[PDB]
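Asker: Here it is: the structure, laid out below.
No lab work stands behind these numbers, since they all come straight from the coordinates. Don't worry about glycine lacking a Cβ; one is built from the backbone with ideal geometry, like all the others, and counts go over all protein chains shown.
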Amino acid sequence: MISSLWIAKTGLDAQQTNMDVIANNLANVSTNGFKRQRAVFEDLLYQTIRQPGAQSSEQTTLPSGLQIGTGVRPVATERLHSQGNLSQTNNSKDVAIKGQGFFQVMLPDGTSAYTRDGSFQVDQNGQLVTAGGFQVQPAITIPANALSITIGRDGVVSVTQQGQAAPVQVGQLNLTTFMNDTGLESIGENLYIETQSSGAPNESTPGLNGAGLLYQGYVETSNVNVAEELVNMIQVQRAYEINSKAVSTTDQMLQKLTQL
Amino acid sequence: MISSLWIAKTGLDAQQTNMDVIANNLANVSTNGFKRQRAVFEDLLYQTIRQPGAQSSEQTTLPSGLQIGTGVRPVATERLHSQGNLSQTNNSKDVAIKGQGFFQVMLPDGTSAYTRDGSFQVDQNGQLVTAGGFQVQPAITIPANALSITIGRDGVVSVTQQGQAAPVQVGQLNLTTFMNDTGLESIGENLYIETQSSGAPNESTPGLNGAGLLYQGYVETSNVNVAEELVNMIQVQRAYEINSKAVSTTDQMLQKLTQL
Amino acid sequence: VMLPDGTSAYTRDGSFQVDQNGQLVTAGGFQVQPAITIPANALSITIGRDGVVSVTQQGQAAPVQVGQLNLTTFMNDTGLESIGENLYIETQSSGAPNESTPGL
Amino acid sequence: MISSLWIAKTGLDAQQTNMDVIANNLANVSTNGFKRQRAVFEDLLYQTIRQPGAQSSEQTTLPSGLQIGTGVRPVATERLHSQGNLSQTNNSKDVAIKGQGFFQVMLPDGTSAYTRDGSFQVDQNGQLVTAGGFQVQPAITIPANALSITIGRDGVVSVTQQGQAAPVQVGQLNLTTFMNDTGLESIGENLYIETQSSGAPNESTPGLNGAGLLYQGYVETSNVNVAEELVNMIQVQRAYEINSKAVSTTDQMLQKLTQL
Amino acid sequence: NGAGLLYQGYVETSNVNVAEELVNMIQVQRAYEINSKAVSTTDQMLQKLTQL
Amino acid sequence: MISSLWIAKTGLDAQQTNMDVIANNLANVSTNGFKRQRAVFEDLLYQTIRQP
């Protein structure tokens, strides 16, 4: 029931949130197209007993007042929208985007979400859907009897057929770019939905207006650096132990006070 | 216990599944007509403590909120129906299928399954049967006084007979195609059965509708590569060992918190 | 916070819940005076530092404003008479409460 | 004699039972045809001081009443009737069953029991008995001068003899399944008996009516995964520590009360 | 209509934060001890008064 | 003196018997006309709290 105890509780909770985000970053180290997160902490208010700059006398002004902090709180968990390393998989329907942008996906309830994990497949109706059953927005259809599917540098998906002697331009595969990519609200299954912090998307073809380029046969791995999470965990453990020590010291102080 | 512990447990489970699929791909490297497996991961939901784009004031809005992941989940582990290299066995009853297609066989209970591993024997009744005691759906029956069996580019099976000095068309060897070959489920002895994920089986003759050709005396080997399997094994081992560190750190933090 | 008797008491403890009709009430059933109402199927409700309250709904991106949360200031809060259940009522020893937006 | 103390005692008992089931799963990790168990927990009754939704005044209704929990009690231990990993031993009489269903045996007193572990032997008279002397229900008898006995994919069992050429069939290994296999009451030596929760057993040949298949020379190992048992033990130990700390705090406060 | 989704093969665990429970227990124990000391002080005061 | 301890003791004894069988089989690998051993286990009794 003491200010020191409450400050230490806030510190413990902040360290717990830091450890949680580190564990989440480590867990999906092998998730294609994953972007890591880091949490920023901002301290709480200050109780002022003696106001700084107080007019202590007719001329004397206090160089600094008496202020006591009230703890620390987590304010945001920002995503680091960096570029992950590309890999080789030698697959017809594995597309990795380089640069900036997002594929559009039509959710079952009629809304539109945005994704980054490009690993496509075909359903029983020929539609080009992602892993999870959600289909793309431009509604790309792959006819039967097809031999191979080629996606160029830009989104001109073409199908090599048996008796046409030339590929057929099935459709166009654009992507949407935001000006506040870190502001997107994330949901499960590697889908981002547009929010107010993120601006209105402006869909464009690859290679224009700063948009990225599509590559076939590549998969964008998670941009998680394992070599730094170990150091982060060590620092987190030390901070948690220190705060627990502070709590124990406060409790012992109170016990010695009340044993009289 | 704690969210960090649960996240690390989910990560451990995902890495264990990845290791298992790698081991299964590596074990049956020499199985003829084997398509390797690849597992795709996907992150779970997110707890939104602070909503992104929150309206803190009438003019200022939060650029990024507070979201904590709930771990990772294995969405699917699917088989890569790529093309495998061929080898010569100089066997009259061995056929290898090039391109896209599936032989059809009939299980004893009545249902029909689809295979890629072409290695046919003959039962005591003269009926064409694959390795495992399963007959081909067209039910080709090789008669007696058979000298040599010829299987051309298409599905024509003929036998050179000493009598009548003329080959006789024993039967036709059709094959089927699925517009979604990925969705086929897998059972033992190199069998696949139709599911709702895959379309209706479009049956045809070789060389038409995009179906692949047939080669006499060849066999389609597995599409596994030990060189990439080993490096993937190293990756998964390091990822699992890193994930275990999060569990250990959480346990130590809980112990220190308890020992106050 | 408005009592059943109709008098507007003033409280400091913030622990608010939502009753069946979607109104924002404190623990005890007493309702806040600006009469903040929360619609059904609300995903997340966020209260800004300025004083506004917004509700997020599935389907649309722009948050919908549901009400404004002003608060009162007294010239002498010591003279407020403390009735039970964490309520202070205005007396003659305290100046007339003035309502204002938070932070101003 | 305090509600907190009784709640903590119930929590300790629940954690003890969880540790017991974990240790039981770990102990018989090398038992053929064994299924893991998992406990399910529910909270006890809540004693209500003020009824939720109470009509506080003519208009005011309490948003949430005052309720105090009583604790947690275990409800059931579900057996995960998954598919065990198949091993190989190259034995004539070791038979594994893939899928569903159980072999039916007769207990000495006359009742009928069911088992999943297939590891058969032969008694003096030549009757096929399990490991323990119990004989299978169809009463399969192995004749003398038996060179080798074979069990096909279905339930047909034959044996070759020197004096003939075509093997002579002996019996049929029909297996029975249940509507709900989770509700089987288990007893020692891998035997399950029919109960009210489990439906009426229905017999069928292997490979029909959703039943499994018989593989000769294989034994179905237990489906116990040692990977997560360690983390379960860590979690249960920490939970026991937390509840013990709760008891300690209650004792400390009660002693400080009665000290005066 | 803002309803949840269904996932198969998973179970929703209890959302109990163990970290805060220990410090809450410490607070509860200290508050209980302080109130007990207040009761003892009142008892001592009454005992001194009664033997007047 | 607890159920988990007794279950773990039984498990340890089973593993020790399995190891002894393996060691004995490996010891005489060059013995003419020798047959390997194989130990089979089965779960012990069950104590019921709520009847299935």
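Asker: Mind listing whichever residues of segment A:18-38 are within 8 Å of chain B (Cβ to nearest Cβ) and closer than 14 Å to residue A:233 by Cβ?
Answerer: Keep residues of segment A:18-38 that are within 8 Å of chain B (Cβ to nearest Cβ), which gives A:19-24, A:26-32, A:34, A:37.
Across segment A:18-38, the qualifying residues are A:19, A:20, A:21, A:22, A:23, A:24, A:26, A:27, A:29.
Asker: Starting from segment E:1-30, take each residue that is within 30 Å of residue C:57 (Cα to Cα) and without any contact (Cβ under 8 Å) to a residue 60 or more places away in the chain and list its partners that are assigned to a loop (DSSP other than H, G, I, E, B) and not hydrophobic (A, V, I, L, M, F, W, C), counting only C-beta distances under 6 angstrom and pairs at least six apart or across chains.
Answerer: Qualifying pairs under 6 Å: E:1/C:41; E:2/C:41; E:2/C:58.
Asker: Mind counting the residues in segment D:178-204 that are crowded, with 16+ Cβ neighbours inside 10 Å and part of a loop (DSSP other than H, G, I, E, B)?
Answerer: 9
Asker: Taking residue A:96, is it in contact (Cβ under 8 Å) with a residue 40 or more places away in the chain, under 14 Å from residue A:174 (Cα atoms), in contact with a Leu (Cβ under 6 Å, 6 or more places away or on another chain) and part of a strand (DSSP E or B)?
Answerer: Numbers: in contact (Cβ under 8 Å) with a residue 40 or more places away in the chain: yes; under 14 Å from residue A:174 (Cα atoms): yes; in contact with a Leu (Cβ under 6 Å, 6 or more places away or on another chain): yes; part of a strand (DSSP E or B): yes.
Yes, satisfied.
Asker: So residue D:122 ticks every box in (1) loosely packed, with under 14 Cβ neighbours inside 10 Å; (2) of a type outside the set (D, E, K, R); (3) farther than 12 Å from residue D:218 by Cβ but one. Which box is left unticked?
Answerer: (1)
Asker: Moving on. Just for segment A:224-243: of the residues that are of a type in the set (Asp, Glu) and within 21 Å of the chain's Cα centre (by Cα), which one is nearest to the other protein chains (Cβ to nearest Cβ)?
Answerer: First, pick out the residues of segment A:224-243 that are of a type in the set (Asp, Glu): A:228-229, A:241.
Going one step further and asking which of them are within 21 Å of the chain's Cα centre (by Cα), we end up with A:228-229.
Numbers: A:228: 11, A:229: 7 Å.
Across segment A:224-243, the extreme among qualifying residues is A:229.
Asker: Among the residues of segment D:54-71, what is the count of those that are touching an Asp or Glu at 6+ places or on another chain (Cβ under 9 Å) and more than 7 Å from every other protein chain (Cβ to nearest Cβ)?
Answerer: Adding up the residues that qualify gives 3.
Asker: Quick check on this structure: which one of D:144, D:227 is farther than 30 Å from residue B:132 by Cα, in contact with a helix residue (DSSP H, G or I) (Cβ under 7 Å, 6 or more places away or on another chain) and part of a loop (DSSP other than H, G, I, E, B)? Outline the logic, then answer.
Answerer: Working: D:144 fails: in contact with a helix residue (DSSP H, G or I) (Cβ under 7 Å, 6 or more places away or on another chain).
Matching residue, one of D:144, D:227: D:227.
Asker: While we're here: If a residue has to be touching an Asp or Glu at 6+ places or on another chain (Cβ under 9 Å) and within 20 Å of residue C:52 (Cα to Cα) to count, how many in segment C:12-32 make the cut?
Answerer: Qualifying residue count for the region: 3.
Asker: Residue by residue through segment A:73-95, note down the ones that are more than 14 Å from chain B (Cβ to nearest Cβ) and either exposed (fewer than 13 other Cβ atoms within 10 Å of the Cβ) or farther than 30 Å from residue A:122 by Cα (or both).
Answerer: A:82
Asker: A further question follows. Between B:259, B:216, B:252, which is surrounded by 15 or more Cβ atoms within 10 Å (Cβ to Cβ) and either facing chain A (nearest Cβ under 9 Å) or closer than 30 Å to residue A:148 by Cα (or both)?
Answerer: Numbers: B:259 fails: surrounded by 15 or more Cβ atoms within 10 Å (Cβ to Cβ); B:252 fails: surrounded by 15 or more Cβ atoms within 10 Å (Cβ to Cβ).
Residue meeting the stated conditions: B:216.
Asker: Exactly one of (1) more than 8 Å from chain D (Cβ to nearest Cβ); (2) over 30 Å from residue D:15 (Cβ atoms); (3) part of a loop (DSSP other than H, G, I, E, B) is unmet by residue F:47. Its number?
Answerer: (2)
Asker: Right, another one. Check segment D:205-223 and report whether any residue there is at negative phi, in a loop (DSSP other than H, G, I, E, B) and out of contact with any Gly (no Cβ under 9 Å at 6 or more places or on another chain). Write out each step before concluding.
Answerer: Pass one, segment D:205-223, residues at negative phi: D:205-206, D:208, D:211-216, D:218-223.
Retained after the next criterion (residues that are in a loop (DSSP other than H, G, I, E, B)): D:205-206, D:208, D:211-212, D:221-223.
Of the ones still in play, those that are also out of contact with any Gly (no Cβ under 9 Å at 6 or more places or on another chain) are D:208.
The answer is yes; a qualifying residue exists.
Asker: Which of the residues belonging to segment F:2-38 are among the aromatic types (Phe, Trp, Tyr) and either on the phi > 0 side of the Ramachandran plot or loosely packed, with under 12 Cβ neighbours inside 10 Å (or both)? Before the answer, list the steps.
Answerer: Our first condition is that a residue be among the aromatic types (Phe, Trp, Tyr); within segment F:2-38, this holds for F:6, F:34.
Passing the criteria: only F:34.
Asker: Can I ask one more? Got at least one residue in segment A:154-175 being more than 10 Å from chain B (Cβ to nearest Cβ), small (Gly, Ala, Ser) and part of a strand (DSSP E or B)?
Answerer: yes
Asker: Look at segment B:150-172 and say how many of its residues are surrounded by fewer than 18 Cβ atoms within 10 Å (Cβ to Cβ) and among the aliphatic types (A, V, I, L, M).
Answerer: Just the residues of segment B:150-172 that are surrounded by fewer than 18 Cβ atoms within 10 Å (Cβ to Cβ), to begin with: B:150, B:152-154, B:156, B:158-169, B:171-172.
Those left that are additionally among the aliphatic types (A, V, I, L, M): B:156, B:159, B:165-166, B:168.
So the answer is 5.
Asker: Can you tell me which residue is surrounded by the most Cβ atoms within 10 Å (Cβ to Cβ) among those in segment D:39-72 that are among the aliphatic types (A, V, I, L, M) and under 24 Å from residue D:236 (Cβ atoms)? Full working, then the answer.
Answerer: Our first condition is that a residue be among the aliphatic types (A, V, I, L, M); within segment D:39-72, this holds for D:39-40, D:44-45, D:49, D:54, D:62, D:66, D:68, D:72.
Those still in the list that are under 24 Å from residue D:236 (Cβ atoms) too: D:39-40, D:44, D:72.
Values: D:39: 15, D:40: 10, D:44: 13, D:72: 17.
Top of the filtered list is D:72.
Asker: Can you find, within segment A:113-141, the residue that is farthest from residue A:166 (Cα to Cα) among those that are in contact (Cβ under 8 Å) with a residue 40 or more places away in the chain and not in a loop (DSSP other than H, G, I, E, B)?
Answerer: A:113
Asker: Here is a follow-up. Restricting attention to segment B:96-111, which residues are surrounded by 19 or more Cβ atoms within 10 Å (Cβ to Cβ) and polar (S, T, N, Q)?
Answerer: Across segment B:96-111, the qualifying residue is only B:100.
Asker: Here is a further query. Which number in (1) within 11 Å of chain D (Cβ to nearest Cβ); (2) of a type outside the set (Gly, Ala, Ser); (3) within 22 Å of residue D:132 (Cβ to Cβ); (4) in a helix (DSSP H, G or I) marks the one condition that residue F:12 misses?
Answerer: If we test residue F:12 against (1) within 11 Å of chain D (Cβ to nearest Cβ); (2) of a type outside the set (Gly, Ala, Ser); (3) within 22 Å of residue D:132 (Cβ to Cβ); (4) in a helix (DSSP H, G or I), just (3) comes out false.
Asker: So, in segment A:190-213, exactly how many residues are in contact with a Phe, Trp or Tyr (Cβ under 7 Å, 6 or more places away or on another chain) and either without any contact (Cβ under 8 Å) to a residue 40 or more places away in the chain or away from chain B (no Cβ under 14 Å) (or both)?
Answerer: Residues that pass the stated criteria total 3.
Asker: With respect to the numbered conditions (1) under 26 Å from the mean Cα position of the chain (by Cα); (2) surrounded by 20 or more Cβ atoms within 10 Å (Cβ to Cβ), which one is the sole condition not fulfilled by residue A:221?
Answerer: Condition not satisfied by residue A:221: (2).
Asker: With F:26, F:44 as the choices, which residue is within 19 Å of residue D:34 (Cα to Cα) and among the aliphatic types (A, V, I, L, M)? Spell out how you get there, then give the answer.
Answerer: Working: F:26 fails: within 19 Å of residue D:34 (Cα to Cα).
Being within 19 Å of residue D:34 (Cα to Cα) and among the aliphatic types (A, V, I, L, M) holds for just one of F:26, F:44, which is F:44.
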